[PDB]
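Enquirer: To start, I am sharing the structure in question, which I have written as structure tokens.
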Amino acid sequence: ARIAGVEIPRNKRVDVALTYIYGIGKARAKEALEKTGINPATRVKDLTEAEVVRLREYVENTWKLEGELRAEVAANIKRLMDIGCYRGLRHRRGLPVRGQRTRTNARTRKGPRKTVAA
Amino acid sequence: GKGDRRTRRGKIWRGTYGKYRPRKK
Amino acid sequence: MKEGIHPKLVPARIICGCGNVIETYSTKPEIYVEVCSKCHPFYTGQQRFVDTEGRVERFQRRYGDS
Amino acid sequence: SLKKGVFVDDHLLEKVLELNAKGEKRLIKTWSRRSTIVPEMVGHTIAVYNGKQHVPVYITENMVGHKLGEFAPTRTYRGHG
Amino acid sequence: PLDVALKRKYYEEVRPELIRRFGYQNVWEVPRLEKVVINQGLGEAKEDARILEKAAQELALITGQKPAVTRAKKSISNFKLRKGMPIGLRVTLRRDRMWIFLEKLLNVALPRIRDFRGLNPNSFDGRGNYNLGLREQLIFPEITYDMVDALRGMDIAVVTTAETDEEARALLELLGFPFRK
RNA sequence: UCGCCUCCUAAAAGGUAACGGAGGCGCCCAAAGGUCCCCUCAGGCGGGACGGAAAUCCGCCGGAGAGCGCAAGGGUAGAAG
RNA sequence: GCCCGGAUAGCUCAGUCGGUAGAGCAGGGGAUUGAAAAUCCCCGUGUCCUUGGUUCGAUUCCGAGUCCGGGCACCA
RNA sequence: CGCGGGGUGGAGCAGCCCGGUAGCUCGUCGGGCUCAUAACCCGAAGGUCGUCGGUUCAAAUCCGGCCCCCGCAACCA
RNA sequence: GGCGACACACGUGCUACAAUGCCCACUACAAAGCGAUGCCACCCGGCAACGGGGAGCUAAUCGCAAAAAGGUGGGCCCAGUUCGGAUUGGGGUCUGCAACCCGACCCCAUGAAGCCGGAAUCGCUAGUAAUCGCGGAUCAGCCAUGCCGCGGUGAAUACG
Ligand SMILES: [Mg+2]
Ligand SMILES: [Mg+2]
Ligand SMILES: [Mg+2]
Ligand SMILES: [Mg+2]
Ligand SMILES: [Mg+2]
Ligand SMILES: [Mg+2]
Ligand SMILES: [Mg+2]
Ligand SMILES: [Mg+2]
Ligand SMILES: [Mg+2]
Ligand SMILES: [Mg+2]
Ligand SMILES: [Mg+2]
Ligand SMILES: [Mg+2]
Ligand SMILES: [Mg+2]
Ligand SMILES: [Mg+2]
Ligand SMILES: [Mg+2]
Ligand SMILES: [Mg+2]
Ligand SMILES: [Mg+2]
Ligand SMILES: [Mg+2]
Ligand SMILES: [Mg+2]
Ligand SMILES: [Mg+2]
Ligand SMILES: [Mg+2]
Ligand SMILES: [Mg+2]
Ligand SMILES: [Mg+2]
Ligand SMILES: [Mg+2]
Ligand SMILES: [Mg+2]
Ligand SMILES: [Mg+2]
Ligand SMILES: [Mg+2]
Ligand SMILES: [Mg+2]
Ligand SMILES: [Mg+2]
Ligand SMILES: [Mg+2]
Ligand SMILES: [Mg+2]
Ligand SMILES: [Mg+2]
Ligand SMILES: [Mg+2]
Ligand SMILES: [Mg+2]
Ligand SMILES: [Mg+2]
């Protein structure tokens, strides 16, 4: 069944199937399992629709999540740019922010190669 | 893996300790 | 409505994070809905739970006391 | 980070706190990019240094903890071609 | 089936608040609510009307009524489109069946819309009807997510007897339409 | 260039020439035919997920500028669509 | 209009005493190569010109059928 | 003037018949092999089709004009 | 301030693409080196980095120290995943006058490319190659995956 936003996981496990939600996994996940007092080894396939509205309510309420979470990250950066700060100029030019080196492979942040002549 | 610091094996590689490699002998 | 190839649309039941919506009158009676906003969680019947704005707020407060 | 901390340079930290209660506000040239900014800095006009020259920067509330050399970038780029 | 809570809710407490607000000499002049028209434009289904037979199946489930099929008005090159083919399903519901559907849409559907900070309040058409549209079909109670092959949204038309939007905004507000203000 | 069709030349009936000005035909359709019943266009603005100048949907204005298998003309929604 | 002849995987297309489908350059996989090309080992419905019909059965029998060749023919 | 052909990546040719997806050789760019260059190998980028109209749903492709290019012709006088 | 630039291009590397594998728990076996301006046991606070407190050692006499693979047990069930951890958001610890440019680390969130790599091309003949952790030099801290060394487990194959 479906937790915050929509994000339906199923089968497999529950502690695992919690990760599949945006904002959640490992730590945040293994936590809400004990704090709603639910067995982590269960498979979300089967469990009482009770524990489900228990688990939904905790997770969905405790911390902000996939819709509102993502949009806040977006919102931090919007502010990191347009403030005019450096950390946000490396946002404007799509370039690596936290330290590192751009003479050679930035690729993850740089996109695929666009080769040129010599 | 040796690069995932959020594992036992990762920290050991990086030489560090923490929640995923606490120090108790 | 022409008679044939058509949903029945018989009085229903339905559920939520809330109790029933006993309006009902639908196809496929007795349906179970994830949760709503109206029933007043989530926006309508405004909770504003979990709420934001700390980021301009934060590096003010902690900052020169620390 | 620091915390037991909050490092600002006395040089201008003075000259800003001065321009607080004098009642007057001016354009202040600093070489200190190592220091932090605000709140008694906000609204002031500071010229930071990039290594080459002194660059005017307007201050405001969301500029909060950001070291003065953020808003004064060091190298020149303008693309490749 | 003639009872239908929202309909009830219109007569006792939507009309009265509407008279007392705009003020109306005549019993009729006050806005009635006619004809929500649901339309799925599907180019998605183009050469395949196999797709279509499930989509129309799906709308009937939510409306209690099957759509007719719109067909291609003219032939247009830049995206496929001989003038023959089916472009989409469209169903016109009124009178009860509109209400029983409108009800679920207000109480259930939009709640289950991801995020949803409220309906656009500029989509009144200026002569005081309101269109809105959805990006997926599984926000309805009648859809189980294991019956979805692929996600196609629709356009919802709502036609008010209200002559202005100012009036039409009120009617739907008081009816319970969540707005982004 | 040579037969056929439309428009001008053609002088408000018909007809009317030039190695005068311009374009089309040598098909097509078992529905694109008969009849009965319905239905009314292009376009403009406003609205609406993917929909963009344009796919579909809703509102208002729109008397014919759309359509009529193909050239032009005549004609035609009180239908020939 | 005739007579018949040419009818196959992707290509030449080869194979009609009825029962089953095949090779070469191709295409891919493997050795071999520093160059490529030989050579060598493996894998391809191609429902064999089309449809009713005849016996167990039909690339393979009969009526129409479809497409193409020189060779005939004819043309108010 | 006249009849026929053509104009498309940098170069040379296809494709235009038969409307819908632009191909080939060289060249160019990045990598390889070599001490190195060449040859050779593995990758790649690059045309809106002379032009303006028109026809169609759609035009390199069918039609009209103009602009070049090649070609043939221009006899009895 | 720059040596840290970034359309690109090459050498050396590291971490991987997973089930002879990943994770969590427990249970083991090394060597060589370092350190009383330093190593810091053990106690307490914190998820943790680490911070307090504080004992022993000029050190076969105390400390770094847990060796890791291995082992035992259970979990994952072939999935772009409990694979893989790049990137980014937020929150902190430490060094240092100072971490914007340019430190390392910890937590929370984010989770990318990647499903064994064209032409080409490198190392190794045995305690070697693979693979696994550990120490020092420099050093405030550290961009060390580097370098110089240490032991753990431990192949294949040479017709010619
Ligand atoms: Mg770095
Ligand atoms: Mg991992
Ligand atoms: Mg500090
Ligand atoms: Mg409006
Ligand atoms: Mg209206
Ligand atoms: Mg004739
Ligand atoms: Mg006329
Ligand atoms: Mg006349
Ligand atoms: Mg006359
Ligand atoms: Mg219109
Ligand atoms: Mg419009
Ligand atoms: Mg007309
Ligand atoms: Mg005509
Ligand atoms: Mg006419
Ligand atoms: Mg080259
Ligand atoms: Mg055109
Ligand atoms: Mg003569
Ligand atoms: Mg250097
Ligand atoms: Mg850099
Ligand atoms: Mg390296
Ligand atoms: Mg210790
Ligand atoms: Mg503790
Ligand atoms: Mg201490
Ligand atoms: Mg150590
Ligand atoms: Mg991928
Ligand atoms: Mg951060
Ligand atoms: Mg720094
Ligand atoms: Mg820096
Ligand atoms: Mg796999
Ligand atoms: Mg490799
Ligand atoms: Mg040797
Ligand atoms: Mg080491
Ligand atoms: Mg050091
Ligand atoms: Mg050290
Ligand atoms: Mg290190």
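In the structure tokens, chains take letters A, B, ... by order of appearance, with residues numbered from 1 within each chain and ligands from 1 in the order shown.
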Could I get the residue neighbourhood of ligand 2 at 9 Å, counting only C-alpha atoms (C1' of nucleotides) and all ligand atoms, as a PDB file with N, CA and C atoms (P, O5', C5', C4', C3', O3' and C1' of nucleotides), in the first residue's frame?
Expert:
ATOM      1  N   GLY B   1      30.724  -1.461   0.011  1.00  0.00           N
ATOM      2  CA  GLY B   1      32.026  -1.691  -0.615  1.00  0.00           C
ATOM      3  C   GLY B   1      33.056  -0.712  -0.075  1.00  0.00           C
ATOM      4  N   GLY B   3      34.273   1.716  -0.743  1.00  0.00           N
ATOM      5  CA  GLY B   3      34.010   3.115  -0.934  1.00  0.00           C
ATOM      6  C   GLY B   3      32.755   3.612  -0.270  1.00  0.00           C
ATOM      7  N   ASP B   4      31.952   2.699   0.270  1.00  0.00           N
ATOM      8  CA  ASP B   4      30.726   3.119   0.961  1.00  0.00           C
ATOM      9  C   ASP B   4      31.006   3.282   2.451  1.00  0.00           C
ATOM     10  N   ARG B   5      31.064   4.531   2.884  1.00  0.00           N
ATOM     11  CA  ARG B   5      31.526   4.845   4.218  1.00  0.00           C
ATOM     12  C   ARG B   5      30.450   4.442   5.223  1.00  0.00           C
ATOM     13  N   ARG B   6      29.234   4.283   4.717  1.00  0.00           N
ATOM     14  CA  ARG B   6      28.086   3.930   5.528  1.00  0.00           C
ATOM     15  C   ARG B   6      28.057   2.419   5.750  1.00  0.00           C
ATOM     16  N   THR B   7      29.172   1.755   5.450  1.00  0.00           N
ATOM     17  CA  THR B   7      29.350   0.346   5.800  1.00  0.00           C
ATOM     18  C   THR B   7      30.541   0.141   6.733  1.00  0.00           C
TER      19      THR B   7
ATOM     20  P     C I  22      31.749  -9.024  -1.371  1.00  0.00           P
ATOM     21  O5'   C I  22      30.430  -8.341  -0.820  1.00  0.00           O
ATOM     22  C5'   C I  22      30.131  -7.023  -1.213  1.00  0.00           C
ATOM     23  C4'   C I  22      28.757  -6.624  -0.766  1.00  0.00           C
ATOM     24  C3'   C I  22      28.526  -6.496   0.730  1.00  0.00           C
ATOM     25  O3'   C I  22      29.054  -5.292   1.269  1.00  0.00           O
ATOM     26  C1'   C I  22      26.738  -7.664  -0.254  1.00  0.00           C
ATOM     27  P     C I  23      29.893  -5.280   2.643  1.00  0.00           P
ATOM     28  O5'   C I  23      28.739  -5.217   3.730  1.00  0.00           O
ATOM     29  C5'   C I  23      27.766  -4.188   3.635  1.00  0.00           C
ATOM     30  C4'   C I  23      26.478  -4.560   4.316  1.00  0.00           C
ATOM     31  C3'   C I  23      26.593  -4.915   5.778  1.00  0.00           C
ATOM     32  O3'   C I  23      26.710  -3.765   6.599  1.00  0.00           O
ATOM     33  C1'   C I  23      25.290  -6.537   4.700  1.00  0.00           C
ATOM     34  P     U I  82      16.591  -3.391  -2.857  1.00  0.00           P
ATOM     35  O5'   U I  82      17.591  -3.274  -1.629  1.00  0.00           O
ATOM     36  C5'   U I  82      18.804  -4.001  -1.668  1.00  0.00           C
ATOM     37  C4'   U I  82      19.906  -3.345  -0.891  1.00  0.00           C
ATOM     38  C3'   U I  82      21.271  -3.893  -1.250  1.00  0.00           C
ATOM     39  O3'   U I  82      22.261  -3.007  -0.720  1.00  0.00           O
ATOM     40  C1'   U I  82      20.636  -4.714   0.864  1.00  0.00           C
ATOM     41  P     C I  83      23.304  -2.227  -1.663  1.00  0.00           P
ATOM     42  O5'   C I  83      23.519  -3.260  -2.859  1.00  0.00           O
ATOM     43  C5'   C I  83      24.225  -4.482  -2.685  1.00  0.00           C
ATOM     44  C4'   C I  83      25.013  -4.824  -3.921  1.00  0.00           C
ATOM     45  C3'   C I  83      26.136  -3.863  -4.233  1.00  0.00           C
ATOM     46  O3'   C I  83      27.279  -4.157  -3.468  1.00  0.00           O
ATOM     47  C1'   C I  83      24.889  -4.290  -6.211  1.00  0.00           C
ATOM     48  P     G I  84      28.124  -2.980  -2.799  1.00  0.00           P
ATOM     49  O5'   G I  84      28.347  -1.926  -3.969  1.00  0.00           O
ATOM     50  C5'   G I  84      29.295  -2.169  -5.007  1.00  0.00           C
ATOM     51  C4'   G I  84      29.387  -0.987  -5.932  1.00  0.00           C
ATOM     52  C3'   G I  84      29.500   0.340  -5.216  1.00  0.00           C
ATOM     53  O3'   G I  84      30.860   0.612  -4.937  1.00  0.00           O
ATOM     54  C1'   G I  84      27.769   0.463  -6.849  1.00  0.00           C
ATOM     55  P     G I  85      31.335   1.310  -3.571  1.00  0.00           P
ATOM     56  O5'   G I  85      31.958   2.675  -4.097  1.00  0.00           O
ATOM     57  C5'   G I  85      31.818   3.866  -3.357  1.00  0.00           C
ATOM     58  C4'   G I  85      30.974   4.858  -4.078  1.00  0.00           C
ATOM     59  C3'   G I  85      30.670   6.083  -3.242  1.00  0.00           C
ATOM     60  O3'   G I  85      30.716   7.256  -4.047  1.00  0.00           O
ATOM     61  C1'   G I  85      28.640   5.016  -3.865  1.00  0.00           C
TER      62        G I  85
END
Enquirer: List all protein, DNA and RNA residues that have any atom at most 9 Å from ligand 13, counting only C-alpha atoms (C1' of nucleotides) and all ligand atoms, and write the list as a list in words.
Expert: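 Using only C-alpha atoms (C1' of nucleotides) and all ligand atoms, everything at most 9 Å from ligand 13 comes to residues 68, 70, 71, 72 and 73 of chain F.
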Enquirer: Which polymer residues have any atom within 7 Å of an atom of stretch 51-63 of chain C, counting only C-alpha atoms (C1' of nucleotides), with same-chain residues fewer than 5 positions away left out, as a list in words?
Expert: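 Here the answer would be residues 6, 62, 64 and 65 of chain D.
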Enquirer: So which bits of chain A end up alpha helix (DSSP H) when you DSSP the backbone, as a CSV table (one decimal) with N, CA, C and O atoms, in the first residue's frame?
Expert:
chain,number,residue,atom,x,y,z
A,27,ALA,N,18.7,4.4,8.0
A,27,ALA,CA,18.5,5.1,9.3
A,27,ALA,C,17.0,5.5,9.5
A,27,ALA,O,16.3,4.9,10.3
A,28,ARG,N,16.5,6.5,8.7
A,28,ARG,CA,15.1,6.9,8.8
A,28,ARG,C,14.2,5.8,8.8
A,28,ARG,O,13.2,5.8,9.5
A,29,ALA,N,14.5,4.8,8.0
A,29,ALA,CA,13.7,3.6,7.8
A,29,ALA,C,13.7,2.7,9.1
A,29,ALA,O,12.7,2.6,9.7
A,30,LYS,N,14.9,2.1,9.4
A,30,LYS,CA,15.0,1.2,10.6
A,30,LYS,C,14.4,1.9,11.8
A,30,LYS,O,14.1,1.1,12.8
A,31,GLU,N,14.3,3.2,11.8
A,31,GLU,CA,13.7,3.9,13.0
A,31,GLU,C,12.2,3.8,13.1
A,31,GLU,O,11.7,3.3,14.1
A,32,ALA,N,11.5,4.2,12.1
A,32,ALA,CA,10.0,4.1,12.1
A,32,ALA,C,9.5,2.7,12.3
A,32,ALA,O,8.3,2.6,12.5
A,33,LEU,N,10.3,1.7,12.2
A,33,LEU,CA,9.9,0.3,12.3
A,33,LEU,C,9.7,-0.1,13.8
A,33,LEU,O,8.8,-0.8,14.1
A,34,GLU,N,10.6,0.4,14.6
A,34,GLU,CA,10.6,0.2,16.1
A,34,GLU,C,9.6,1.2,16.7
A,34,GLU,O,8.9,0.8,17.7
A,35,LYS,N,9.6,2.4,16.2
A,35,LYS,CA,8.8,3.5,16.8
A,35,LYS,C,7.3,3.5,16.5
A,35,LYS,O,6.5,4.2,17.1
A,49,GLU,N,-3.6,-3.8,7.9
A,49,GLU,CA,-3.9,-2.4,7.3
A,49,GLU,C,-3.9,-1.4,8.4
A,49,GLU,O,-3.9,-0.2,8.2
A,50,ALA,N,-3.9,-1.9,9.7
A,50,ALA,CA,-3.8,-1.1,10.8
A,50,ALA,C,-2.4,-0.6,10.9
A,50,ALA,O,-2.1,0.7,10.8
A,51,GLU,N,-1.4,-1.5,11.0
A,51,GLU,CA,0.0,-1.1,11.1
A,51,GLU,C,0.4,-0.1,9.9
A,51,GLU,O,1.3,0.7,10.1
A,52,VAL,N,-0.3,-0.3,8.8
A,52,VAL,CA,-0.1,0.5,7.7
A,52,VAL,C,-0.5,2.0,7.9
A,52,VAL,O,0.3,2.9,7.5
A,53,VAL,N,-1.7,2.2,8.5
A,53,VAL,CA,-2.1,3.6,8.8
A,53,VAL,C,-1.4,4.1,10.0
A,53,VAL,O,-1.4,5.3,10.3
A,54,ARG,N,-0.8,3.2,10.8
A,54,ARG,CA,0.1,3.6,11.8
A,54,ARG,C,1.4,4.1,11.2
A,54,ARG,O,1.8,5.3,11.4
A,55,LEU,N,2.0,3.2,10.5
A,55,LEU,CA,3.3,3.5,9.7
A,55,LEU,C,3.2,4.7,8.8
A,55,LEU,O,4.2,5.5,8.7
A,56,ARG,N,2.2,4.8,8.0
A,56,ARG,CA,2.0,5.9,7.1
A,56,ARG,C,2.1,7.2,7.9
A,56,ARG,O,2.9,8.1,7.6
A,57,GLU,N,1.2,7.3,9.0
A,57,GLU,CA,1.0,8.5,9.7
A,57,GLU,C,2.3,9.0,10.4
A,57,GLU,O,2.6,10.2,10.5
A,58,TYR,N,3.1,8.0,10.8
A,58,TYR,CA,4.4,8.4,11.5
A,58,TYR,C,5.3,9.0,10.5
A,58,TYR,O,5.6,10.2,10.6
A,59,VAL,N,5.7,8.2,9.6
A,59,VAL,CA,6.6,8.6,8.5
A,59,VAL,C,6.2,9.9,7.8
A,59,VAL,O,6.9,10.8,7.7
A,60,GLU,N,4.9,9.9,7.3
A,60,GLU,CA,4.4,11.1,6.6
A,60,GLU,C,4.4,12.3,7.5
A,60,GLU,O,4.6,13.4,7.0
A,61,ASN,N,4.1,12.2,8.8
A,61,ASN,CA,4.1,13.3,9.7
A,61,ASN,C,5.4,13.7,10.3
A,61,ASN,O,5.8,14.9,10.4
A,62,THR,N,6.2,12.7,10.7
A,62,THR,CA,7.5,12.9,11.4
A,62,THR,C,8.3,14.0,10.7
A,62,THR,O,8.5,15.1,11.2
A,66,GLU,N,8.8,13.4,0.0
A,66,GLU,CA,9.1,13.4,-1.4
A,66,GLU,C,8.7,14.7,-2.1
A,66,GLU,O,9.5,15.3,-2.8
A,67,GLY,N,7.4,15.0,-2.0
A,67,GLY,CA,7.0,16.2,-2.7
A,67,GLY,C,7.6,17.5,-2.2
A,67,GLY,O,8.3,18.2,-2.9
A,68,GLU,N,7.4,17.7,-0.9
A,68,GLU,CA,7.8,19.0,-0.2
A,68,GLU,C,9.3,19.0,0.1
A,68,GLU,O,9.9,20.1,0.2
A,69,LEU,N,9.9,17.8,0.1
A,69,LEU,CA,11.3,17.7,0.5
A,69,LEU,C,12.1,18.2,-0.7
A,69,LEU,O,12.9,19.2,-0.7
A,70,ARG,N,11.9,17.5,-1.9
A,70,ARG,CA,12.5,17.8,-3.1
A,70,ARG,C,12.4,19.3,-3.5
A,70,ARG,O,13.3,20.0,-3.9
A,71,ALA,N,11.2,19.9,-3.3
A,71,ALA,CA,10.9,21.2,-3.6
A,71,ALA,C,11.7,22.2,-2.7
A,71,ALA,O,11.9,23.4,-3.1
A,72,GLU,N,12.0,21.8,-1.5
A,72,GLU,CA,12.8,22.6,-0.6
A,72,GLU,C,14.3,22.7,-1.0
A,72,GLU,O,14.9,23.7,-0.9
A,73,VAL,N,14.8,21.5,-1.3
A,73,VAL,CA,16.2,21.4,-1.9
A,73,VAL,C,16.3,22.4,-3.1
A,73,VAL,O,17.3,23.1,-3.2
A,74,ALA,N,15.3,22.2,-4.0
A,74,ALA,CA,15.2,23.1,-5.1
A,74,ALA,C,15.2,24.6,-4.6
A,74,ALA,O,15.8,25.4,-5.3
A,75,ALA,N,14.6,24.8,-3.5
A,75,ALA,CA,14.4,26.2,-3.0
A,75,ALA,C,15.6,26.7,-2.3
A,75,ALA,O,15.9,27.9,-2.4
A,76,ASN,N,16.4,25.8,-1.7
A,76,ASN,CA,17.7,26.3,-1.2
A,76,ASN,C,18.6,26.8,-2.3
A,76,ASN,O,19.2,27.9,-2.2
A,77,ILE,N,18.7,26.0,-3.3
A,77,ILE,CA,19.6,26.3,-4.5
A,77,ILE,C,19.2,27.5,-5.2
A,77,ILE,O,20.0,28.4,-5.5
A,78,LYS,N,17.9,27.6,-5.4
A,78,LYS,CA,17.3,28.9,-6.0
A,78,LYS,C,17.9,30.0,-5.3
A,78,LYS,O,18.3,31.0,-5.9
A,79,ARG,N,18.0,29.9,-3.9
A,79,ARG,CA,18.5,30.9,-3.1
A,79,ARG,C,20.1,31.0,-3.1
A,79,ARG,O,20.6,32.1,-3.0
A,80,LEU,N,20.7,29.8,-3.3
A,80,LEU,CA,22.2,29.8,-3.4
A,80,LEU,C,22.6,30.5,-4.7
A,80,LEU,O,23.7,31.2,-4.8
A,89,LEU,N,27.2,30.0,-8.2
A,89,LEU,CA,27.7,30.2,-9.5
A,89,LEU,C,28.1,28.9,-10.1
A,89,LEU,O,27.8,28.6,-11.3
A,90,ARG,N,28.7,28.0,-9.2
A,90,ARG,CA,28.9,26.7,-9.6
A,90,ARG,C,27.6,25.9,-9.7
A,90,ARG,O,27.5,24.8,-10.1
A,91,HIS,N,26.5,26.5,-9.3
A,91,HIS,CA,25.2,26.0,-9.7
A,91,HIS,C,24.7,26.5,-11.1
A,91,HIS,O,24.1,25.7,-11.8
A,92,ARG,N,25.0,27.7,-11.4
A,92,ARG,CA,24.5,28.3,-12.6
A,92,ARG,C,25.2,27.7,-13.8
A,92,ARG,O,24.6,27.4,-14.8
A,107,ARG,N,32.8,14.5,-14.8
A,107,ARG,CA,31.7,14.1,-15.7
A,107,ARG,C,30.3,14.0,-15.1
A,107,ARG,O,29.4,14.5,-15.8
A,108,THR,N,30.2,13.5,-13.9
A,108,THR,CA,28.9,13.3,-13.3
A,108,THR,C,28.2,14.7,-13.3
A,108,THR,O,27.0,14.7,-13.6
A,109,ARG,N,28.9,15.7,-12.9
A,109,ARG,CA,28.3,17.0,-12.9
A,109,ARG,C,28.4,17.7,-14.3
A,109,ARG,O,27.7,18.6,-14.6
A,110,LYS,N,29.4,17.3,-15.1
A,110,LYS,CA,29.7,18.0,-16.4
A,110,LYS,C,28.9,17.5,-17.6
A,110,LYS,O,28.8,18.3,-18.6
Enquirer: Residues within 12 Å of residue E:100, please, as an NGL selection string. Count only C-alpha atoms (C1' of nucleotides); anything in the same chain fewer than 4 positions from it doesn't count.
Expert: (:C and (9-12 or 21-27)) or (:E and (1-8 or 36 or 62-65 or 93-96 or 104-107))
Enquirer: Can you pull out every residue within 9 Å of residue E:31, counting only C-alpha atoms (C1' of nucleotides), but drop anything in the same chain fewer than 3 positions away, and send it as a CSV table (one decimal) with N, CA, C and O atoms, in the first residue's frame?
Expert:
chain,number,residue,atom,x,y,z
E,15,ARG,N,-27.0,27.6,-2.5
E,15,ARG,CA,-27.9,28.6,-3.1
E,15,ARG,C,-28.1,29.9,-2.2
E,15,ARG,O,-27.8,31.0,-2.6
E,18,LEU,N,-25.5,32.1,-1.8
E,18,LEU,CA,-25.3,32.8,-3.1
E,18,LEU,C,-26.3,33.9,-3.3
E,18,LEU,O,-25.9,34.9,-3.9
E,28,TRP,N,-34.3,31.7,-10.6
E,28,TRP,CA,-33.4,31.1,-11.6
E,28,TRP,C,-32.0,31.8,-11.8
E,28,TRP,O,-31.0,31.1,-11.8
E,160,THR,N,-21.1,26.6,-15.9
E,160,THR,CA,-22.0,27.2,-14.9
E,160,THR,C,-22.9,28.0,-15.7
E,160,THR,O,-22.7,28.5,-16.8
E,161,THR,N,-24.1,28.2,-15.1
E,161,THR,CA,-25.1,29.0,-15.6
E,161,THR,C,-24.8,30.5,-15.2
E,161,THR,O,-25.4,31.4,-15.7
E,162,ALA,N,-23.8,30.6,-14.3
E,162,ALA,CA,-23.3,31.9,-13.9
E,162,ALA,C,-22.7,32.8,-15.0
E,162,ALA,O,-22.0,32.3,-15.9
E,163,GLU,N,-23.1,34.0,-15.1
E,163,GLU,CA,-22.7,34.9,-16.2
E,163,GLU,C,-21.3,35.4,-16.1
E,163,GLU,O,-20.7,35.8,-17.1
E,167,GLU,N,-19.0,35.3,-9.9
E,167,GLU,CA,-20.1,34.5,-9.5
E,167,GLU,C,-19.8,33.0,-9.5
E,167,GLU,O,-20.1,32.3,-8.5
E,168,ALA,N,-19.1,32.6,-10.5
E,168,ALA,CA,-18.8,31.1,-10.7
E,168,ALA,C,-17.8,30.6,-9.7
E,168,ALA,O,-17.9,29.5,-9.3
E,171,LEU,N,-19.8,30.0,-6.4
E,171,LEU,CA,-20.5,28.8,-6.4
E,171,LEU,C,-19.7,27.5,-6.2
E,171,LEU,O,-20.0,26.7,-5.4
